[PDB]
Protein chains: 2
Amino acid sequence: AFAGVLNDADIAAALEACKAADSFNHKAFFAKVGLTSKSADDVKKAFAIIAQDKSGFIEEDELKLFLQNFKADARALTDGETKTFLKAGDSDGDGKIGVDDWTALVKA
Amino acid sequence: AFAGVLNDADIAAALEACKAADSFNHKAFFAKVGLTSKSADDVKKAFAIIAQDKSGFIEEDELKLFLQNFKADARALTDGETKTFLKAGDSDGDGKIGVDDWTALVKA
Ligand SMILES: [Mg+2]
Ligand SMILES: [Mg+2]
């Protein structure tokens, strides 16, 4: 779903790098996919694409499927990767990731 | 210290991928650097080079500096990366990483 929003080579490359289960790192992915260098405004648009809503939240079970926003049939994150990802991103501690959580995490 | 054991292209790309603090992932690094696909025997050699010896162990403070085995002036791992690394790796529970710990973790 990031067709036109991020570089296709970047998306491919970010996915390639975490293809093996338990090899994902969100800080690595954000940089490689090209999100970290975007402005907070474009980071917000990226959130919207993923949560399907600027006011939405990414829940744990949806966070598990993070990669599949960039390539439909990418692997699922393992439960370990999801837990690590959620815990780093969920600053406001509601057990999920909203737009504020997200924007801070990408720019971190 | 791996000049001639691993490809220089591989070593540079593995380090490139985790150049940002807190972006390191050992499964990612081990595959990119080319350790995961080598024979256990070749994996044990890599351990003696790092640990200086087949009977040695990689302890916490040494693991912190894991990247500098591949490139002398590579960055130090943060305490978070290091704690994650040691926990994943230390199967025999002694709080450090020996050759059996290493071999199993590399081949995981
Ligand atoms: Mg939250
Ligand atoms: Mg041990």
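All ligand and atom numbering here is 1-based and tracks the order in the structure. Numbered from 1 within each chain, the chains take letters A, B, ... in sequence-line order.
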Show me, pair by pair, the donor-acceptor contacts under 3.5 angstrom made by side chains of residues 26-35 of chain A, not counting sequence neighbours?
none

B:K87, B:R75, B:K64 screened by salt bridge (charged side-chain N to carboxylate O under 4.0 Å, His left out) with B:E81, the one that passes: B:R75
Residue list, side-chain contact (heavy atoms from CB on, under 4.5 Å) with A:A104, at least two apart or on another chain: none
Count, waters excluded, of protein N, O or S atoms under 2.8 Å from the Mg ion (ligand 2): 5
Donor + acceptor pair across side chains of A:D22, A:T78 (<3.5 Å): yes
B:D41 and B:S39 side chains, donor-acceptor separation under 3.5 Å: no
A:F57: ring pair (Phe, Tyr, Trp, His ring centres under 6.0 Å) partners, not counting sequence neighbours: none
